[PDB]
Every structure is written in structure tokens, then in C-alpha cells.
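Beneath this line is the structure, given in C-alpha cells, with notes to follow.
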Amino acid sequence: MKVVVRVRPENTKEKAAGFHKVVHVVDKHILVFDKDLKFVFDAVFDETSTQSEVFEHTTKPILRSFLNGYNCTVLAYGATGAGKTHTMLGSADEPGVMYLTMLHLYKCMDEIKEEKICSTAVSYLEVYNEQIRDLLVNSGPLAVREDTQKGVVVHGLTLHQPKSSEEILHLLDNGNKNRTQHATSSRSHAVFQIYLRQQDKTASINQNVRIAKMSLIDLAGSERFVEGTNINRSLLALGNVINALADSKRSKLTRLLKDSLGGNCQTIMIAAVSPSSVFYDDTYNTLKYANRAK
Amino acid sequence: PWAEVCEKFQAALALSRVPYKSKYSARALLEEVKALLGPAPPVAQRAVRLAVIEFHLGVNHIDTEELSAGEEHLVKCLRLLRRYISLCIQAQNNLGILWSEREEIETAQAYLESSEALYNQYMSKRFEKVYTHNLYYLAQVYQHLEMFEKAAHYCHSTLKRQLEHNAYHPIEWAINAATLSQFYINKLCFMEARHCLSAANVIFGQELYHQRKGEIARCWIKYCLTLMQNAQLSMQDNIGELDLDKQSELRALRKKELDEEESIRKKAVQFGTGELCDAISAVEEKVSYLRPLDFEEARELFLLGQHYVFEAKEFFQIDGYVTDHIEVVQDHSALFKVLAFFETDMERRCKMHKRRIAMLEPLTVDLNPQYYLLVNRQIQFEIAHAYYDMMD
Ligand SMILES: Nc1ncnc2c1ncn2[C@@H]1O[C@H](COP(=O)(O)OP(=O)(O)O)[C@@H](O)[C@H]1O
Ligand SMILES: [Mg+2]
């Protein structure tokens, strides 16, 4: 249950059209909004942090628990322009944590290639307007149901078994190439799942050992609001009115994460954010949202 | 060239309705309207039409609401038309939208209030639709203003109007009734809620085609849960098997009159327009339920009718939410037996435990580390055991 921040670097327009900078990074846990708000996090990355730093200072430590039998949940919180996709997918020179995770996992596979009778596989889909579509193969809406042991199985979701680092990025690219176009749409969420089946050296080759699962989620642009002029929307509003004020930071995503918001989970959310005053309003709310999470 | 103006306009109008399919060129049409405006500047009606044009320009000025200049046009239009048809409240409502983007809820609210008042001061199809749309917009506002009560009122009004016209779809009505009854639960006005789901139940006579029935059943259960809470106003733990130790008056004429005074409004809420109010009368047989005492058999029966509907949901769900719903139902039936405060009747208490035994197997199924889920189910067994603790 951790919350971290990635403050992005300023762009040409921001430097040309000198916008006053609002976000000030102070240290690992502290940054100041404008308001002069000393927001406190579990880790804050500044405008120049590398992909390796982001991975090594987050996911790498997290993987220590993953390998120990924990399930993980990753929430790339942010708005359009946050750098969320670059952070996860990344560029060739600066590939994101998804790539790095898999490459690191190849290392982890090597670490237990002798030790354990393990196997791995991966899956990946898009959530768009609460609709679920497999991005590893062209499919329709997937059926999220519980399996023979109550696991939240996204029925119809494929499961792949790559070996090389080329496949890692190649397939990550292929998957992101299948995402809905707005440039990737601001309303698209990416959901990956890492399946770690493993069996301890001293345990029987047919010994029942739980599978560790890591969910990687690229959240859609976070950017109380006027509702759409529709009867269905009115019904939804009625439902909202009927609902008790949970007041939690908090969909099909929660269905997907039903058992991944529970115990034995390593949940982490990152707020990739903009430093410019142009986005001041959203930034304030984002940082306060992060406080809701904390 | 007014005829040619409206001619072009109407073409543009159709086009305004039309890989972007709008905005790109819609804006061009916007400007074409301004060109059509040009010629205009009797004349009193011209000015009305001017407001209409500028209104149309405001309407055109959207582009994902980027074109704030429309706001300026609309304000002028208002002034032009305040001297004195219904499209003008549409405009006011549109200004409200703009304020919602600017977060100016109060002014938007004021517009909506006057939109309503005006029509009422006044006293064949557009309005019929628009009017209800307005009520919805108010509900949106009320959400933001937490005017839940007022919103609910409007909700009923829209339900009415949907019923007045052919805005029908059973699933929608189901969830409408569902949330409405929940509202009433939230506001403890159970007595009004009574006809709501049950009215929807009537509607169901004309996928979720069958699967929605569990949602419906859940709500029927909710009735009972709160009806049992009504019974628990004289908390069973605090009283014996007897009741009306409190005032009796369960159907006191006094209360009937009180309820009738309230029913001056609730009967208005009964939107069965005679025909379906007669259907509602068949429903009223169920609505008659208020605060029953020696009716645990009937109470259970009320459950059983919808229990069987519930059992279809046990079928529809793949052994997961089956138990989430069973969980509730077991307690529900057991609570009827809490009300059936007799040492001679504990067989049902056993039967509810038997269902929990059926719900035991799922705890070996759930291999996910759902400790608290599992514990909750263990608590359900504790509860069953508590039935017996009370018997012993
Ligand atoms: N958090 C960031 N870190 C580094 N560079 C960033 C960051 N945010 C924005 N930039 C860069 O500028 C562009 C804006 O990020 P962007 O891709 O728009 O986020 P997204 O596309 O998911 O909305 C990207 O190419 C990104 O690499
Ligand atoms: Mg992206």
C-alpha cells in the first residue's frame, strides 16, 4: 500500500511560454505544491529520474515480495502528459518498468532455473469505458468470472510464454499498438498480469505451491462533474445517490482487482505529474487524491 | 431571403446533428449562420429570431465546449427574450451547463428553478421530452448540492413522464425502482418504497432478460430487511414474543389518515394513471405490509416467493455471488425466526445452518488468501451456532 510520484521534466512550450513552476521536489518523501503544501509520499522522483531508477527504486524491491509469494498491484496514476506510458512501456533508450521487470524476471528465472520447478506466463488487456479487450490477441469483450478456486479469471484472456528480451519489448510494443486511439486515448487503461508458478527445491515436483501474480496497470487520464445527458446516466446517478458515502480513494477494474485489493498484496500507486501552472488545478487535486490514497 | 435563410439553416441544422463526424465543418456551419444573421440587422419578432440565431450560434459554439463565445451569445439572447417560446428555457439550461464547467452551480441552479417556475406560470412533443431532461439536470446539480430529497422527487417525476410516454425498458425500471427504494431506505420512508419495486414487478410482464431477476430479488429482500428493522424498532432482543407493548395502532385510523394526508402526495407518486394504478392495486395487496407481528409464516412466504427468484440467481451465478446472496438470505430467513420468538420453532434456524453447511465447501474452494472473506463465512457459522446458543 504505497504511493509514489514522478514529476516530469518541462517541455519546449513551458520553457518558451515561461509558465511559473508549481511543483518543487524537496527530498525522497517530500515535495511542495505551489499553497506551499508539503506533501509526503513513500518516494518522489524528480524531473530527471531515469527509468532504471524508477524500476530499481520501486518494482525491483517489490519483486522481492513477489518472489516470496505475494501478489502485486501497480497503479500508474496520472493525467494526459503524465508520462505514464513512457514510464511503463518507454522508449528504446529509456524503456519502462514493464520491460525492465521482465528482463529482471529473466534474471529471477535464472536465479531459480535450477532451484525451482517453476513456469511463467503473461497476459494483457485493455480496459476502456469499463469494457475488457485482450491486447495480445484481437478479441471481443472478455468475461470476468471466478474460477474453480475463486480466482478472478478473465475468461477469454490469453496467456503467453516468451523467453528472450526481444520478445519482451516486441510484444509490449505489439500490445500497446493495439490500444484505442484518442496517440493513445486518454481514457484507456492497460492491464498486464505476471503469472509466477514456482516449486521449491526441497518440495515435491507435484507439491502444491501458490502462484504469485503481479498486475501492472496503466491508468487512464485522471483529469464531481457535469453528467452526460442520458437516462442511463441518470440511472447511474441514482445509483450513486443510493450508494453510501464510502469516501475511499478507490468498476470493472475493481472486479479485476477484487482479489488483488485484499491481503498478501503489494499495492503501489504512482502519480506521474506535470510541474507547470497550466495544470495547477488537476495537480492540486491529484496530490490531494494521493492523500486520499494515503 | 428569410425563406432561403431558414432553408440553409435547416440544412445546417441537420448537419449540426451529424473520422470526427462533427466540429470539423460544424464550426464552418456556425459561421455560415452568422453570415445568415447578417441580413437581419415584425421587427419585434425579428429580435426574437435574432435571439434564436444567437442561441443557435451558442448551440453551434460547442466544439467540445471550447467555443466560450457562445456563452456570450446566449447571455444576449436571454436579455432579448426576457421581455416575453419554450426554447428559451432550453437556453437557460444550456447556460447552466456552461456554469457547470465553470463550477458555478448556484446560478445554474437558479436557471433551472426559473425554468420550472416559468412553465408552471404558463400552465407538443419537444417540451414533452425536454421537460424531463431538465429534471435530470437538476438531479445532477442536487447530487453536487446533496439535495437528495429534491432529486428523488424529480426522479419520480421522470419516472412518471417516462411512463406517460413510451420510454420503456424493464431493466431500467428495475434499477430505477431499486435505487429508489434504497433512497427510501436511506430516508427510512419504507412505506412509500413498498409500491416502487412491486410496480416495477408489474412492468416486468413486458442476459439480464432473466439475470436481472436476482437484482430485483435482492431489493425485495431489502424490503424485508428493513421491514424487519421496522420490527426491530421494538428490538426483539429487548421485547418478548409479544408486541404492541408500544402503542398498538398498527393500522390506526389516525395513522391511516396521516398516511392518507401523505398519500395525497404518494398517490400522485403512484404513476399507474388508473390502468396501472389498478395494477398497482394488485400491488397494493403487497403494499399493505407495514409492521406485521404474528406473520412469520407470511413473512417467510413473502421471502419464499422471491426466494425462488433468488434461487434462479443462485443458478445464474457461478458459485461465487451465489453465496454472497445466500449469505444474506440465510440471515434474512433467520431474522424472521428472530421475530418468531419461540423455543418451539428452531427448525428453520437449523435449515439456515444447513445452507451454511452447503456454503462450507466454498471455503476449501477459495484458495485465494481471502482471509476475511473466509472469516466472514466463519462468522456466518458462528451466527448459526448463536441460534443454538439462544436455544440452549
Ligand atoms: N513523467 C515523465 N518522465 C519523463 N518524461 C516525460 C514524463 N511525462 C512526459 N514526458 C514525456 O513527454 C511526453 C508526454 O508523456 P505522455 O506519453 O503524453 O504521457 P501519456 O502519453 O501516457 O499521456 C512523453 O513522450 C514522455 O516521454
Ligand atoms: Mg500513453
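Every chain in the C-alpha cells has a letter given in the order shown (A, B, ...), and although residue numbers restart at 1 in each chain, ligands are simply numbered from 1 in the order shown.
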
Handout entry: Long-range neighbours of residue 58 of chain A as a list in words, 9 Å cut-off, only C-alpha atoms, 4 positions minimum in chain
Key =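 Here the answer would be residues 4, 43, 53, 54, 62, 63 and 268 of chain A.
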
Residues from last step as file, N, CA, C and O atoms, as a compact mmCIF listing (two decimals), in the first residue's frame:
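That gives us part_32.txt:
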# COMPACT_ATOMS: atom_id res chain seq x y z
N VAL A 4 3.71 6.81 -4.62
CA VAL A 4 4.91 7.50 -5.07
C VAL A 4 4.59 8.49 -6.19
O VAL A 4 3.48 8.48 -6.72
N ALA A 43 7.95 7.79 -1.82
CA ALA A 43 9.09 8.06 -2.69
C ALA A 43 8.68 9.01 -3.82
O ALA A 43 7.64 8.83 -4.45
N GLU A 53 16.23 4.06 -12.46
CA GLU A 53 16.00 4.49 -11.10
C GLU A 53 14.58 4.21 -10.70
O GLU A 53 14.34 3.71 -9.61
N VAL A 54 13.64 4.48 -11.59
CA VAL A 54 12.27 4.23 -11.25
C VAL A 54 12.04 2.77 -10.97
O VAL A 54 11.45 2.43 -9.95
N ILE A 62 9.94 -4.41 -4.81
CA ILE A 62 8.63 -5.07 -4.77
C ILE A 62 8.71 -6.53 -5.17
O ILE A 62 8.09 -7.39 -4.54
N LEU A 63 9.51 -6.81 -6.20
CA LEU A 63 9.71 -8.16 -6.70
C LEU A 63 10.28 -9.10 -5.64
O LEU A 63 10.13 -10.31 -5.75
N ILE A 268 0.81 -0.65 -5.08
CA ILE A 268 1.52 0.60 -5.19
C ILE A 268 0.95 1.45 -6.30
O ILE A 268 0.61 0.95 -7.37

Exercise for the section: For ligand 2, list the contacting residues at 10 Å or closer, counting only C-alpha atoms and all ligand atoms, as a count of residues only. Expected result: 28

Handout entry: Backbone DSSP call of alpha helix (DSSP H) for segment 44-230 of chain B, listed as number ranges by chain
Key = B: 44-60, 69-81, 87-101, 105-122, 126-145, 148-164, 170-186, 190-203, 208-211, 213-230

Exercise for the section: Could the residues of chain A within 12 Å of chain B, counting only C-alpha atoms, be given as a ChimeraX atom specification, please? Expected result: /A:69-71,144-153,181-182,208-213,224-245,258-265

Expected file contents, prior selection, C-alpha atoms, as an mmCIF file, in the first residue's frame:
data_model
loop_
_atom_site.group_PDB
_atom_site.id
_atom_site.type_symbol
_atom_site.label_atom_id
_atom_site.label_comp_id
_atom_site.auth_asym_id
_atom_site.auth_seq_id
_atom_site.Cartn_x
_atom_site.Cartn_y
_atom_site.Cartn_z
ATOM 1 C CA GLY A 69 4.568 -15.455 -2.666
ATOM 2 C CA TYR A 70 2.922 -12.026 -2.711
ATOM 3 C CA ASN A 71 0.569 -10.753 -5.327
ATOM 4 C CA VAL A 144 -14.531 -11.859 -15.790
ATOM 5 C CA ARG A 145 -15.588 -14.715 -13.575
ATOM 6 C CA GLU A 146 -14.386 -16.700 -10.679
ATOM 7 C CA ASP A 147 -12.618 -19.983 -11.344
ATOM 8 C CA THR A 148 -12.691 -23.367 -9.665
ATOM 9 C CA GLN A 149 -10.834 -21.877 -6.700
ATOM 10 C CA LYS A 150 -12.499 -18.389 -6.733
ATOM 11 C CA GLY A 151 -9.701 -16.729 -8.674
ATOM 12 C CA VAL A 152 -10.770 -13.757 -10.721
ATOM 13 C CA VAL A 153 -10.355 -15.304 -14.125
ATOM 14 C CA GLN A 181 -6.522 5.728 -30.391
ATOM 15 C CA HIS A 182 -7.586 9.053 -28.901
ATOM 16 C CA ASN A 208 1.063 -27.586 -4.214
ATOM 17 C CA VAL A 209 2.663 -24.134 -4.077
ATOM 18 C CA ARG A 210 0.734 -20.906 -4.692
ATOM 19 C CA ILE A 211 1.267 -18.770 -7.812
ATOM 20 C CA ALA A 212 2.422 -15.188 -7.362
ATOM 21 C CA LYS A 213 0.638 -12.703 -9.556
ATOM 22 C CA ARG A 224 -17.968 15.949 -9.126
ATOM 23 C CA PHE A 225 -18.630 16.836 -12.752
ATOM 24 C CA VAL A 226 -21.492 17.552 -15.106
ATOM 25 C CA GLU A 227 -23.075 14.280 -16.114
ATOM 26 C CA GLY A 228 -23.940 13.213 -19.617
ATOM 27 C CA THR A 229 -27.437 13.982 -20.800
ATOM 28 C CA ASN A 230 -28.759 10.425 -20.807
ATOM 29 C CA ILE A 231 -31.345 8.386 -18.966
ATOM 30 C CA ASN A 232 -28.742 5.718 -18.374
ATOM 31 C CA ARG A 233 -26.534 8.328 -16.813
ATOM 32 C CA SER A 234 -29.457 9.393 -14.675
ATOM 33 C CA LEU A 235 -29.846 5.828 -13.532
ATOM 34 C CA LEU A 236 -26.177 5.723 -12.697
ATOM 35 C CA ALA A 237 -26.612 8.960 -10.814
ATOM 36 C CA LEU A 238 -29.482 7.429 -8.943
ATOM 37 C CA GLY A 239 -27.270 4.515 -8.062
ATOM 38 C CA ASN A 240 -24.629 6.914 -6.876
ATOM 39 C CA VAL A 241 -27.203 8.745 -4.790
ATOM 40 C CA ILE A 242 -28.387 5.448 -3.389
ATOM 41 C CA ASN A 243 -24.812 4.459 -2.543
ATOM 42 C CA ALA A 244 -23.408 5.337 0.868
ATOM 43 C CA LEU A 245 -20.543 7.816 1.085
ATOM 44 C CA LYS A 258 -11.246 -7.937 -6.420
ATOM 45 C CA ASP A 259 -8.713 -10.393 -5.025
ATOM 46 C CA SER A 260 -5.803 -8.050 -5.736
ATOM 47 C CA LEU A 261 -7.003 -5.372 -3.328
ATOM 48 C CA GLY A 262 -7.014 -7.874 -0.455
ATOM 49 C CA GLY A 263 -4.357 -9.493 1.731
ATOM 50 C CA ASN A 264 -0.972 -10.813 0.589
ATOM 51 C CA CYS A 265 -0.859 -7.915 -1.838
#

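Taking atom CA of residue 293 of chain A and atom CA of residue 249 of chain A as the two end points, the separation is 5.1 Å.
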
Practice task
List every residue of segment 5-251 of chain A that DSSP, applied to the backbone of this structure, assigns to strand (DSSP E or B), and report them as a ChimeraX atom specification.
Solution key: /A:5-7,21,23-25,30-33,37-40,43-45,71-78,90,95,119-128,131-134,141,143-146,152-155,160,181,184,188-197,212-218

May I have the residues from that selection written out with C-alpha atoms, as a compact mmCIF listing (two decimals), in the first residue's frame?
# COMPACT_ATOMS: atom_id res chain seq x y z
CA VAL A 5 5.32 10.44 -7.50
CA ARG A 6 7.13 11.01 -10.81
CA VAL A 7 7.45 14.66 -11.60
CA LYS A 21 6.69 26.17 -11.95
CA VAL A 23 5.86 21.60 -8.25
CA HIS A 24 9.00 21.66 -6.14
CA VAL A 25 10.73 18.43 -5.23
CA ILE A 30 8.68 15.50 0.35
CA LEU A 31 7.55 17.81 -2.40
CA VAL A 32 5.89 21.18 -2.23
CA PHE A 33 2.84 22.21 -4.16
CA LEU A 37 1.78 22.28 0.54
CA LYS A 38 4.32 19.90 1.93
CA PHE A 39 3.03 16.64 0.54
CA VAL A 40 4.54 13.47 1.98
CA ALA A 43 9.09 8.06 -2.69
CA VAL A 44 9.27 11.00 -5.11
CA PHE A 45 11.13 11.13 -8.37
CA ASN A 71 0.57 -10.75 -5.33
CA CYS A 72 1.21 -7.26 -6.58
CA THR A 73 -0.86 -4.38 -7.89
CA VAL A 74 0.63 -1.46 -9.81
CA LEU A 75 -1.31 1.71 -10.44
CA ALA A 76 0.15 4.23 -12.88
CA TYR A 77 -1.91 7.22 -11.77
CA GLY A 78 -1.70 10.46 -13.76
CA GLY A 90 9.12 3.51 -22.56
CA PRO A 95 12.36 1.59 -21.80
CA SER A 119 7.00 -21.86 -15.01
CA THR A 120 5.76 -18.47 -16.06
CA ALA A 121 3.37 -16.85 -18.42
CA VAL A 122 1.77 -13.48 -19.11
CA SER A 123 -1.47 -11.84 -20.09
CA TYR A 124 -2.59 -8.38 -21.15
CA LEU A 125 -5.77 -6.48 -21.96
CA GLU A 126 -7.31 -3.01 -22.37
CA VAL A 127 -9.98 -1.54 -20.18
CA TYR A 128 -11.87 1.17 -21.96
CA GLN A 131 -15.05 -2.81 -21.47
CA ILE A 132 -12.40 -5.53 -21.45
CA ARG A 133 -10.38 -6.45 -24.57
CA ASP A 134 -7.40 -8.80 -24.91
CA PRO A 141 -15.33 -8.35 -24.57
CA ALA A 143 -15.89 -12.42 -19.26
CA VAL A 144 -14.53 -11.86 -15.79
CA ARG A 145 -15.59 -14.71 -13.57
CA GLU A 146 -14.39 -16.70 -10.68
CA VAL A 152 -10.77 -13.76 -10.72
CA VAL A 153 -10.35 -15.30 -14.12
CA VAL A 154 -10.81 -13.09 -17.09
CA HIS A 155 -12.32 -15.76 -19.24
CA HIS A 160 1.80 -16.29 -23.35
CA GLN A 181 -6.52 5.73 -30.39
CA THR A 184 -3.19 6.56 -27.21
CA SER A 188 -7.51 3.78 -21.94
CA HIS A 189 -6.26 1.58 -19.14
CA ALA A 190 -3.66 -1.15 -19.69
CA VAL A 191 -3.76 -4.30 -17.56
CA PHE A 192 -0.95 -6.85 -17.54
CA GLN A 193 -0.56 -9.91 -15.43
CA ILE A 194 2.54 -11.82 -14.48
CA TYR A 195 1.99 -15.46 -13.63
CA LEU A 196 4.73 -16.92 -11.42
CA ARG A 197 4.34 -20.66 -10.82
CA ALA A 212 2.42 -15.19 -7.36
CA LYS A 213 0.64 -12.70 -9.56
CA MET A 214 1.60 -9.15 -10.44
CA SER A 215 -0.83 -6.80 -12.06
CA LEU A 216 0.56 -3.90 -13.98
CA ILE A 217 -1.89 -1.15 -14.66
CA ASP A 218 -1.51 1.93 -16.86

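Here atom CA of residue 292 of chain B stands at a distance of 15.1 Å from atom CA of residue 333 of chain B.
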
Exercise for the section: Find the spatial neighbours of segment 22-25 of chain B, counting only C-alpha atoms, within a cut-off of 9 Å - ignore same-chain residues fewer than 6 positions away - and output them as a PyMOL selection string. Expected result: chain B and resi 15-16+60+62-64

Completion exercise
The distance between atom CA of residue 301 of chain B and atom CA of residue 206 of chain B is 25.2 Å
